[PDB]
Structure formats: structure tokens, C-alpha cells
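Inspection log for the structure reproduced underneath, given as C-alpha cells.
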Amino acid sequence: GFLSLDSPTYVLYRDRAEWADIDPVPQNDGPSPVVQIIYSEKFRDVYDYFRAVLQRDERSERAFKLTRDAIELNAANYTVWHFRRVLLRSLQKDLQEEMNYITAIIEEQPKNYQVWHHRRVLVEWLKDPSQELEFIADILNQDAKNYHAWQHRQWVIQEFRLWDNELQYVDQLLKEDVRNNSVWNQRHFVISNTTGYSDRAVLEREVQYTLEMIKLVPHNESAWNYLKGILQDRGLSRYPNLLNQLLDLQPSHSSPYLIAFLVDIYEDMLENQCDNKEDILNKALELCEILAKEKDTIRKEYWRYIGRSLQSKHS
Amino acid sequence: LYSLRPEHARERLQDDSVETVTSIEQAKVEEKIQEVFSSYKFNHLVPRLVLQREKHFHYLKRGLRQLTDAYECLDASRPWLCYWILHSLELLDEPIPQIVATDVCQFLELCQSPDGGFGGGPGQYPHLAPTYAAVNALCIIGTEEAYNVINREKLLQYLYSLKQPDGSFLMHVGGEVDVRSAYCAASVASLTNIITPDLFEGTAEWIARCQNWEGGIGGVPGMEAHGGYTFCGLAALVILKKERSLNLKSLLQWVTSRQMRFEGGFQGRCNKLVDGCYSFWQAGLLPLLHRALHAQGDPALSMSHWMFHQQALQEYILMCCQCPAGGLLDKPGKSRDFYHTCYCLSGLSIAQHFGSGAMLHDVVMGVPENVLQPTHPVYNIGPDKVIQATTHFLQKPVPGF
Ligand SMILES: COC(=O)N1CCC(CN([C@H]2Cc3cc(C#N)ccc3N(Cc3cncn3C)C2)S(=O)(=O)c2ccccn2)CC1
Ligand SMILES: CC(C)=CCC/C(C)=C/CC/C(C)=C/COP(=O)(O)OP(=O)(O)O
Ligand SMILES: [Zn+2]
């Protein structure tokens, strides 16, 4: 018999007959309170009673229903969440019904740590991830960048080996918003954990795909960071053609991201005994000042550091 | 003012004629920031960058005593409210009446768990986040009474109960794991001198696994790089003296890229929105990196400025993040709160004060009364409070159990 905390006929716990036997316990804030919250009476009421059942450790069905109200008043109260999990096991509650509850609470407050952790615990207890990818997909359809949602998704995928369709899901979301950095991250998460990037065919695929996205949206930093991220391992100077192919977009797709990437390629060329060290250095230094003075001034101190750093190293 | 210069309109977003939720939301923010920047021009007044000290003060000093039910959502984070408020006052150079200090000490005493660590409020179970805030608050107060509140033996016991075999730490018993917990632990453990030979075994390595392809650090291995987690990661490594464990150069490039060419403030992750609180989490990374690179004897480091646009950041904070009625906030249009007041101010201080070895150099935009007290980049409490607290607890021996 759940009397919704929002129901028009909701009554304070101090006016409920089935709670008449217990005395609520007021919160001890001390004689000279600090950062004292002037709680609403509904809040005070629920927590004064939660505290009563907590202190005596009353593991009853009524305490259980009560934690639901305390959670709704403040979903971030982890002490309450802890007691609710204690009650779920003592009372032997149907965990699937609790899954329905957590599903609903997350839908309402998707940016709360506690609700996601609770869900994970339920999935672990049940050892059933059959509902996860779909549920998470629904949350991401509302906020494609919800950090907890993505973290839960990676946990589920890695814990139950559910890799098979994630790359396809990634492609879907990239089409929707090629600028979603969370998705580019998911892409690297799936690939590095399945095939890896050592597979030349795979790397080829990835670089080509990224270059195409860059052409479509030249100023999308995520695509650029992914291109740099997957090539930086072995070293940019390891791919001779890349420089030339980027040097061609110089007029067409010439954003400050391309300039910066060029300097990155030069940096690595110098570090790996490249040809024309005297020449490559001057180009690099040239771009560093163009970036510092014109194209990317918000980052002048960084580019000055780089040029000045490039000099001391390869003068 | 850098943000008001003609060539600055040139930094507006270029969507390449391909709109997505991301470009649409960025454009909305820029449009609103531009309105703020131009407000002077359209009203015909000389730009006056003034930190509304008095306003912020009344807001803070009142919140330190009581809060409206709008804060019911933070009823499990009261030690944080203490820290955010006391630290903002500290930065504003406002004193803490001995009577208030004692009241804070007493309240935190009620929040402390008999098993070690502090809970989000009287009687709540201990948690590493409020534990970190309680200790930082007590150190800001810095009196013998404050220091004595902390049960060092139980705190060590508590940290051990959260320590995992892989090097990570749970945020609390039966709770979750992420980089923030490593920072919270390393912060309180170092300040109170309870670090044992094996307490942080494997922690530096676990944190390093959180650095990804972007250069930044995610909450757990595999996750997207985020300013909050990156600060916690690097700061924890600096405390453990294991910063070398990270690729500092990819990290440096990642964080500097997080500053918005147009707004001047920092975003939390690639392709999302600017937010005043990152003025600390993100910008605070530059001092830490400067120190680390300097330790490796890097010769190209600047001797007057951090590696981010100090002026642009101060401009974003001063023009866009202050609530006329006092207090600071995320971005124009958002409501004020003690969290943003604390970090917008922390970031401003960092942006104002540079220091490396014998070199000191300040950059104070607006009226000189805008200068704030310095803040320690690792703990985010006054540098003096760090030395005083550490010097104090070093008098005591590491708990032996
Ligand atoms: C026991 O747990 C605790 O005590 N904890 C301390 C607080 C913590 C949550 N955090 C929250 C703190 C916080 C406090 C106030 C006030 N007054 C207002 C907003 C806010 N947000 C919201 C916000 C800030 N910037 C943008 N947004 C939306 C996040 S956080 O700092 O980790 C974080 C999260 C997301 C984005 C940015 N920062 C959770 C753990
Ligand atoms: C010691 C301690 C507790 C430090 C806190 C570090 C910190 C700020 C972590 C933030 C983690 C997080 C979930 C951000 C995403 O929120 P969001 O997606 O709403 O924000 P965003 O869009 O700017 O990423
Ligand atoms: Zn914020």
C-alpha cells in the first residue's frame, strides 16, 4: 500500500495510526547549529521517523516503504540507501520489483550517483543484465552524454561480455551527433577491448572513417582528438602519408585543430631523428606562433611553451 | 579586456553548417555570454570588473548558520557546505569568529563516525567525500580544537576498510569506486600524517589506468576524460609523488584545450558546456602540472604565468559568474549556490596568483580590490593552512594499530 509522497491524500507519518507506537527521533544538530537546513515539515517528518527505525534497526515492511519516501525527499542520502538494501535482503523482497522501482527513480533523477550504484547492486544480485543495454539506451536517448549512464553501460558490457552490438550502437549515436565525445570514447572503449588497434586493417578503417568525419565537420574537436589518440601510441611520425594528406586540407578544411595536429606531427618527427630537422623545426615553430598570436590565442601560453620547448630540444 | 576586443567575435563557434544537439547548445551559451560581454557597450558605461565582496560575504556568513529547504538535496553533504563556505570566506579574507569556529568543530564532531571518517550529517554513515570536506574545513579553522576533533587512529582504520586489492578505494562501505576516492584518501591521510608504508600500494598505478586516449582522466578505467576526475587524479599523484606515472604531456594538451576560446572559462569535457566551477577543477591542473614538469627540470616553463589564459578566465568569472545579490554560479542564467561560490572563487585566486620557486607574479583584472588570498592547488585551502596543519600532525606519530 504505497501512499505516494506526492499523492493529494498523503498524510504526515505523525498522523498515521500504524506508526503511532513509535516515537520519531529528532536530528541532533547541537546547541549552536551551523549550515542548518530549515527542512519542510514533510521532510522533517519522514526523516525523524527514518531515524527512529534506523536507531532501533527495525527491519519491517513499514520501514521499507518509509525508506522509499526518504529516498524521494533526498535521493543522495546514501545512509538511507544502505538501510534499504539491508531491508531488501532481510525481508527477502522481490528484486525484480525493486528493479522496476529503480528504473523509475533513475528516469526521474538520471544524474544521481546512488540510483545507478543501487541498480548495479541489483543486477549483480540477480546476475541478470538482460534489461541493461535497452534501459541505458533509453536514458541516453534523453541525455546522450549522461556520465553515470555511460559508466553503467561500460560496467555491464565488460562484466557480462556484451560487446557484439556496441560498435553498431556507437555508429548510430555518431550519426545522430558526430560531436558527442562520450560516443567517440565508447568507440575506443569497444575497439581496444575487442580487436584492438594493432590490427592494420582495423586501424586503417578507423583512420579513414575519422578523416571522413573531419571532412564533414572540420571544426569538430572530438574527431580530431580521436585521430590523434589512436595514432599517438606508435607515434605520429610513424605514418609518413598522414602529414601530406592533412597538408592538403590546408585550404579546404583548415581549422586550428589541423594546425595543432601538424605541430604534433612535427614534434614527433624531431623526436625520432627525422630528415630535414632544421627545416621541420622552423615550420613547427612557425605554426606555434601563428597559433599563439592568431589562430588559437586562448592557448598562447601553451603554444609558446611548445615552441620554446621545441627549441631547447632540437636547436 | 580580452573578451571585449573586436577580434574576439572571431572566436564564435563555426558549425560548418552541420547542426547537432552539441553545436546548438554551445551556440545558445555563446549567444548569452556575448550579450553579457556587450552589456557595457549597449548601456554606454565603462566596463568595471568588480568582485562583489560585500554581497558574497553576507550570502556566505548567513549560509554558514542556516539554509532554506532548497538545500534539502544537500542534507547528506553538510560537511561540504561547511568547507565550501569557510573556504570562500577564507579566500575573501573574511575572519572566522572563534565562536563560529568552535560551533563548526562541534558540528563536525557530531558528523564523525565512531569507526573513523565523517558522514554527511549527524548520525549518517561515514563517506570519503564528506570526510575530505570535514578535514579541509577543520584545517581552514586551524585551531588546536579543530585539529583535535579528528580521530586519527580510526581514520586510518577507516581508509583501510575502503582500500581495494587493485589499488583503488571505495567511497564508502558497500559503495562505489572512482578516482575521487583516491584523492579524498590521499588528501586526508597526508594532512593528518597517517600514511603507512602500504596504505597507497597500487594506487598510483590504478589512477594511471584511468588516463585515456584523450590525455585526461576518467572516473574509472575506460571512461571519458573529465576535469573533476582529472584534478582528483593528478592531485592525488602529486601527494604520493608519483606524477611521473602519467603521460604529463598528453594531459597538459588535454586540459589547455578545455578552456573555451570564446567564453574564456573551462568546460568539463570535450564538446560540452563552459561552467564556472571548472575554473578550479580544470585551471587548477596547470599549477600542478607546472610543479611536476619543473620537478623533472623542464627548462621551457614560463616564469610568470600558468599555461592557460589567466586574463580570459578572470573575465568570464567576473562578468558572467557573479550573482548581483551575492554568490557565484555556473553560467549566466543559472542559480547561485555555495558550491559554485567556492570554486569560482578558488579558480579566480588560481588565475590571479602565479608562483614557481623564487618567481612570483600576480595578474588582477578589474579593480585591485579584486585580489583574493592564494589557494593551495592540491588541497584547495590556504597554503598557510596546509603548512600549519601538516606541521601540526607531524608532531604525532603515524598510527601503528
Ligand atoms: C556523500 O557525497 C557527497 O557529499 N558528495 C559531494 C558532492 C558531490 C556531487 N557534486 C555536486 C556538488 C553541488 C553542490 C551545490 C551546492 N551548494 C550545487 C550543485 C552541485 N552539483 C551540480 C553541478 C555542479 N556544476 C554543474 N552541475 C550540474 C554537483 S560534484 O562537485 O562532484 C560535481 C558533479 C557533477 C558536475 C560537477 N561537480 C557528490 C559527492
Ligand atoms: C573531491 C570531489 C568530490 C571532487 C569532484 C570532482 C568532480 C567535479 C566530478 C564530476 C563528475 C561528473 C559526474 C561530472 C559530469 O556531470 P555533468 O555531466 O552534469 O557536467 P558536465 O556536463 O560539465 O560534464
Ligand atoms: Zn559547475
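We number each residue from 1, going along the chain as drawn.
Technique stated in the header: X-ray crystallography, 2.2 Å.
Cβ from N, Cα, C; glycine included.
Quick look at what Swiss-Prot annotates:
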type: BINDING; residues: B:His226, B:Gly227, B:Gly228, B:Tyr229, B:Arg269, B:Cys270, B:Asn271, B:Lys272, B:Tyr278, B:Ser279, B:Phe280, B:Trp281; note: (2E,6E)-farnesyl diphosphate binding site
type: BINDING; residues: B:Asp275, B:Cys277, B:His340; note: Zn(2+) binding site
type: REPEAT; residues: B:101-142; note: repeat 'PFTB 1'
type: REPEAT; residues: B:152-193; note: repeat 'PFTB 2'
type: REPEAT; residues: B:200-241; note: repeat 'PFTB 3'
type: REPEAT; residues: B:248-290; note: repeat 'PFTB 4'
type: REPEAT; residues: B:310-352; note: repeat 'PFTB 5'
type: SITE; residues: B:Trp80; note: site 'Important for selectivity against geranylgeranyl diphosphate'
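In this entry, B:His226, B:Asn271 stand out among the binding-site residues B:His226, B:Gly228, B:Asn271, B:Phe280, B:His340 as having a C-beta under 8 A from a C-beta of chain A. Separating the Cα atoms of B:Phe280 ((2E,6E)-farnesyl diphosphate binding site) and B:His340 (Zn(2+) binding site) is a whole-number distance of 10 Å. The Cβ of B:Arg269 ((2E,6E)-farnesyl diphosphate binding site) lies under 8 Å from the Cβ of B:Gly216, B:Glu224, B:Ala225, B:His226, B:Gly227, B:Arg258, each of these being in the same chain and 6 or more residues away along the sequence.
Under DSSP, the residues of the repeat 'PFTB 5' (B:310-352) split into helix, strand and coil as follows: 26 helix, 2 strand, 15 coil. For the repeat 'PFTB 2' (B:152-193), the DSSP-based tally of helix, strand and coil residues reads 24 helix, 4 strand, 14 coil. Neighbour count (other Cβ atoms within 10 Å of the Cβ, all protein chains): 29 for B:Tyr278 ((2E,6E)-farnesyl diphosphate binding site). Checked against ligand 3, the recorded positions B:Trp80, B:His226, B:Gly228, B:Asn271, B:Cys277, B:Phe280 give B:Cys277 in sequence order as having a Cβ less than 6 Å away from one of its atoms. Taking the Cα atom of each, B:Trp80 (site 'Important for selectivity against geranylgeranyl diphosphate') and B:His340 (Zn(2+) binding site) are about 12 angstrom apart. For the repeat 'PFTB 5' (B:310-352), same-chain residues at least 6 beyond its ends with a Cβ under 8 Å from one of its own Cβ atoms are 1-3, 29, 32-33, 35-37, 49-52, 54-60, 63, 80-81, 83-85, 87-88, 91-92, 259, 263-266, 273-281, 283-284, 286-287, 362-366, 370-375, 377, 380. Checked against ligand 1, the recorded positions B:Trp80, B:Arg269, B:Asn271, B:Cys277, B:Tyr278 give B:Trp80, B:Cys277 in sequence order as having a Cβ less than 6 Å away from one of its atoms. On a Cα basis, B:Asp275 (Zn(2+) binding site) lies 12 Å away from B:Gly228 ((2E,6E)-farnesyl diphosphate binding site).
Counting residues of the repeat 'PFTB 4' (B:248-290) by DSSP class, helix then strand then coil, yields 20 helix, 4 strand, 19 coil. B:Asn271 ((2E,6E)-farnesyl diphosphate binding site) sits 17 Å from B:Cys277 (Zn(2+) binding site), taking the C-alpha atoms as the reference points. Candidate recorded positions: B:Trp80, B:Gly228, B:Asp275, B:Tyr278, B:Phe280. Those with a Cβ under 6 Å from ligand 2, in sequence order, are B:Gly228, B:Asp275.
Counting other CB atoms no more than 10 Å from each candidate's CB, the recorded positions B:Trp80, B:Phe280 peak at B:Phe280.
Per DSSP, the secondary structure of the repeat 'PFTB 1' (B:101-142) breaks down as 25 helix, 4 strand, 13 coil.
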